[PDB]
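Every heavy atom of this structure was used, including side-chain atoms; hydrogens, water molecules and symmetry mates were not. A note on names: the letters A, B, ... follow the listed sequences, proteins ahead of strands, and every chain is numbered from 1. Counting starts at 1 for both ligands and their atoms, following the listed order.
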Amino acid sequence: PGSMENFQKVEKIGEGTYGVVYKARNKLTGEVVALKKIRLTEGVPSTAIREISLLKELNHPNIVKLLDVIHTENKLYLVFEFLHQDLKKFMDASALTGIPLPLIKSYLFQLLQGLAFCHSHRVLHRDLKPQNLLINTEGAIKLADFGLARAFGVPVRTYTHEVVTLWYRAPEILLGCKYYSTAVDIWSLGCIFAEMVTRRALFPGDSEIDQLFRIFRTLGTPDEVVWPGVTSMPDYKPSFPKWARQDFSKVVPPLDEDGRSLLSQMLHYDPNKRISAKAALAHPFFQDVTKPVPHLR
Amino acid sequence: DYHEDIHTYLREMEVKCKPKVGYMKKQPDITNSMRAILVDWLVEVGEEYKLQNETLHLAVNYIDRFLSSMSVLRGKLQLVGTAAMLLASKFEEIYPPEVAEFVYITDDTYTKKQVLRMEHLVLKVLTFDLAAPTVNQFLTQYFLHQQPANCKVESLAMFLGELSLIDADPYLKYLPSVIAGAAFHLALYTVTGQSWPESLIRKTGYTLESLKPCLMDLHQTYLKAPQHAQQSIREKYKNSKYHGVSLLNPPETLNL
Ligand SMILES: NS(=O)(=O)c1cccc(Nc2nc(OCC3CCCCC3)c3nc[nH]c3n2)c1
Ligand SMILES: [Mg+2]
């Protein structure tokens, strides 16, 4: 329904998977929006094609809303609801206070809702990281940047291997499994849960092998007991050091029993055993969940 | 694994993504046979670039939806098909062919500029709604109900589902889930003598009775396949990748 005429550009926000995002305001309704600009080579980029097609299907309070697509022959503008901040910046701003537990619990609950919705509509996000999780002043958190997303099938076939920002990338991708599915997004959220509690990334590797070894030193080097089939995985090597699994209470020390239980299920090695977003919603961790406003801004 | 949620969602979306059954009658310059020639060519393109079967099914969905609202002259039908295949590839493939490859495969019938402009037009007309359920997406779920898994059944069902793409009359009137139901039963029956399983009645609500109309059409298509003006699917399914299923003899009768 839109035109570029009724939008006033305010400022650049950033660059995600593709294009550039600006804060803007609809002059007529007053609505503040985020505008994702795409310069149009190979035609319309696959990332745009996927992001638009899938976001039009994904209407949910914890998924960023795509409002309009404004199409010139040289320019493609995606009009999105505007959110106030990203989770990484919020965690940075919480350096000295910490993030109140009710807010961590609320954010995780909402992320899982948003994710369960994607997965129930056959969509993998594949780039869950704090930079892509956006918050507003009313306490909402929402999944954003669906540039790396894809529609999957039941059961899955082989998809793109080069997926998920390294620090948040699941062990099954790192080990070259032919098949990955919804469990990859849960892995990322589990890393993010830990990060909200400690305010530091759980597994900050700088190569794929470093990433794997950091995971192994925390969760133990996986064997055929914990993860049937690990040793036959494409990029498994018998030479991997065999680290003992640590006491989970030491992985994220402020977490209490319920929190630890949930995190351990989100970081289970075997994707089959790893908890679904749908199942995680009913975890006892969330028994007293509310939706308070952020304690800052 | 969200299997039920996803199936339910696809059943909603296939109704929304369905082309207009009667569109060809309302096209001044193109016919079912011209469409058959196009889709058969796309099968060849898919083979040439080793594209997914899903990609083929998506492109045909885009074409039929496009032609449901847009009048197209015969000399431009291939351009529509080409842009549809480029979009399907970008959506579905890990490594889609480059635009130049798509230009090349028309044997310079059209320019890159024309293909790219058509891409934009197709996106406009479909309002970017590209995540359409296919016969393939339903078949793949139905395969999970085999006891036990049979490779010939899987490939043969895929083959039969693909044949339906060629002939707008009659297959435009059936939903992807129903064509898939008919293809799976026909395949299972051809290979093993077994029938549409009870577990799939529970999943889909479809019975042999509700599948019968589609089944009778598909059976006839199957029996007549060797004589069809379009042969690219039969040739493709001779390959070991699809366990040579097109060489299997169709059952003479179904006894429904
Ligand atoms: N404090 S701030 O500068 O105003 C501010 C800061 C961070 C994010 C926002 N709002 C915002 N950002 C998006 O993408 C930002 C983009 C995300 C991926 C990584 C690069 C940046 C959106 N996409 C839809 N709605 C969006 N809203 C506002
Ligand atoms: Mg006509």
Side-chain angles (χ1 to χ4, degrees), chain A residues 2 7 9-26 31-38 47-48 51-52 54-56 58-70 76-94 114 125-138 140-149 164-165 167-168 188 192 294 296-297, chain B residues 19-38 63-64 66-77 80 167-169 172:
Chain A
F7 295 107
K9 256 152 200 165
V10 173
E11 77 213 18
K12 190 207 171 133
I13 299 164
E15 271 171 34
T17 295
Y18 74 103
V20 195
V21 183
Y22 294 85
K23 180 185 184 177
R25 152 183 298 101
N26 184 315
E31 179 185 35
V32 176
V33 297
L35 296 178
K36 184 144 136 190
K37 173 217 257 289
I38 299 125
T47 48
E51 174 164 43
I52 302 164
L54 305 177
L55 243 19
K56 283 182 97 227
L58 292 177
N59 258 257
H60 185 277
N62 306 111
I63 296 173
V64 71
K65 293 197 199 189
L66 180 70
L67 309 169
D68 208 354
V69 178
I70 294 158
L76 194 50
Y77 287 97
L78 305 201
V79 186
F80 286 101
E81 80 180 295
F82 174 79
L83 282 106
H84 300 269
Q85 191 46 279
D86 70 68
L87 187 63
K88 183 57 170 68
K89 205 5 235 319
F90 185 71
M91 286 187 293
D92 288 346
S94 295
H125 184 280
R126 307 188 307 174
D127 202 25
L128 297 173
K129 58 181 181 186
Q131 293 82 5
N132 289 348
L133 305 178
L134 310 183
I135 59 183
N136 69 18
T137 57
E138 286 261 61
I141 188 165
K142 312 195 181 198
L143 304 192
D145 202 349
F146 279 70
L148 242 98
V164 196
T165 294
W167 290 3
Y168 307 94
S188 307
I192 290 159
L296 302 163
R297 240 175 294 147
Chain B
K20 297 214 188 185
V21 177
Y23 87 76
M24 200 59 79
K25 290 144 158 172
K26 307 207 223 139
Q27 288 271 354
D29 202 55
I30 62 169
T31 64
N32 292 322
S33 297
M34 300 180 79
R35 186 193 164 281
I37 289 152
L38 179 66
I63 294 158
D64 288 332
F66 186 92
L67 299 178
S68 290
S69 73
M70 308 285 280
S71 279
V72 178
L73 296 190
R74 75 191 60 192
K76 293 306 196 295
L77 178 61
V80 171
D167 302 308
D169 169 18
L172 242 33

Note to self: What protein heavy atom lies closest to atom 17 (C) of ligand 1? Include the residue and the distance to one decimal.
What the structure shows: A/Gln131 O, 4.1 Å
Next item on the list: Do me a favour and list the nearest non-hydrogen protein atom to atom 15 (C) of ligand 1 with residue, atom name and distance?
Entry: A/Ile13 CG2, 3.7 Å
Notebook entry, point to check: Is the backbone N or O of B/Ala168 less than 3.5 Å from a side-chain atom of B/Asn32, with the two atoms forming a donor-acceptor pair by type?
Noted result: no
Next item on the list: Check each heavy atom of A/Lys23 against ligand 1 and say whether those closer than 4.0 Å belong to the side chain, the backbone, both or neither.
Entry: neither
Next item on the list: For atom 14 (O) of ligand 1, grab the closest protein heavy atom and report residue, atom and distance to one decimal in Å.
Entry: A/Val21 CG1, 3.8 Å
Note to self: If I take every N, O or S atom of B/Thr31, is at least one of them less than 2.8 Å from the Mg ion (ligand 2)?
What the structure shows: no
Margin query: Is it the case that the side chains of A/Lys12 and A/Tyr22 hold a donor-acceptor pair, with the cut-off being a distance below 3.5 Å and no angle test?
Written below: no
Checklist line | B/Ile30 O and B/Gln27 O subtending at the Mg ion (ligand 2) (10° steps) | finding: 100°
Next item on the list: For atom 25 (N) of ligand 1, find the nearest protein heavy atom and state the residue, atom name and distance (0.1 Å precision).
Entry: A/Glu81 O, 2.6 Å
Check: Sub-3.5 Å donor-acceptor pair from the side chain of A/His125 to the main-chain atoms of A/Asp145, do we have one?
Finding: yes
Checklist line | Interfacing atoms of ligand 1 (cut-off 4.0 Å, heavy-atom, A/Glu15) | finding: 20 (C)
Note to self: Under a 4.0 Å threshold between the charged nitrogen and the carboxylate oxygen, would B/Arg35 count as salt-bridged to B/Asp64?
What the structure shows: yes
Checklist line | Residue portion contacting ligand 1 (non-hydrogen atoms closer than 4.0 Å) for A/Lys36 | finding: neither
Checklist line | Contact check, A/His84 vs ligand 1, heavy-atom distance below 4.0 Å | finding: yes
Check: So, the side chain of A/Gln85 versus the backbone of A/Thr137: is there a donor-acceptor pair under 3.5 Å, distance only?
Finding: no
Check: Short list, please: which atoms of ligand 1 are under 4.0 Å from a heavy atom of A/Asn132?
Finding: 18 (C), 19 (C)
Checklist line | Side-chain (A/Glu51) to main-chain (A/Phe146) donor-acceptor, under 3.5 angstrom | finding: yes
Checklist line | Shortest protein heavy-atom distance from atom 3 (O) of ligand 1, along with the residue and atom involved | finding: A/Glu11 OE2, 4.2 Å
Notebook entry, point to check: To the nearest 0.5 Å, what is the distance between CD1 (A/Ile192) and CH2 (A/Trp167)?
Noted result: 12.0 Å
Next item on the list: Could you tell me whether a side-chain N or O of A/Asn62 sits under 3.5 Å from a main-chain N or O of A/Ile141, the two making a donor and an acceptor?
Entry: yes
Note to self: Using a 4.0 Å heavy-atom cut-off, which part of A/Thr17 comes near ligand 1: side chain, backbone, both, or neither?
What the structure shows: neither
Margin query: Treating A/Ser188 as the side-chain partner and A/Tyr168 as the backbone partner, does any N or O pair qualify as donor plus acceptor under 3.5 Å?
Written below: yes
Next item on the list: State the atoms of ligand 1, each with its element, that fall below the 4.0 Å cut-off from a heavy-atom position in A/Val64.
Entry: 24 (C), 25 (N)
Notebook entry, point to check: Can you tell me the protein heavy atom closest to atom 27 (N) of ligand 1 and the distance?
Noted result: A/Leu83 N, 3.3 Å
Notebook entry, point to check: Can you tell me if an N/O/S atom from B/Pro28 lies under 2.8 Å from the Mg ion (ligand 2)?
Noted result: no
Next item on the list: State whether a side-chain donor-acceptor pair under 3.5 Å links A/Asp127 with A/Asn132.
Entry: yes
Item checked: Atom indices of ligand 1 within 4.0 angstrom of A/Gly16 heavy atoms, with elements -> 19 (C), 20 (C)
Margin query: One residue to check: A/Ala144. Relative to ligand 1, which of side chain, backbone, both or neither has a non-hydrogen atom less than 4.0 Å away?
Written below: neither
Item checked: Interatomic spacing from CD1 in A/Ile63 to CD in A/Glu81 - rounded to 0.5 Å -> 10.5 Å
Check: Which residue holds the protein heavy atom closest to atom 12 (N) of ligand 1, what is that atom called, and what is the gap in Å?
Finding: A/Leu134 CD1, 3.5 Å
Check: Atoms of ligand 1 less than 4.0 Å from A/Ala34 heavy atoms?
Finding: 22 (C), 24 (C), 25 (N), 26 (C), 27 (N)
Check: Is there a donor-acceptor contact under 3.5 Å from the side chain of A/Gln131 to the main chain of A/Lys88?
Finding: no
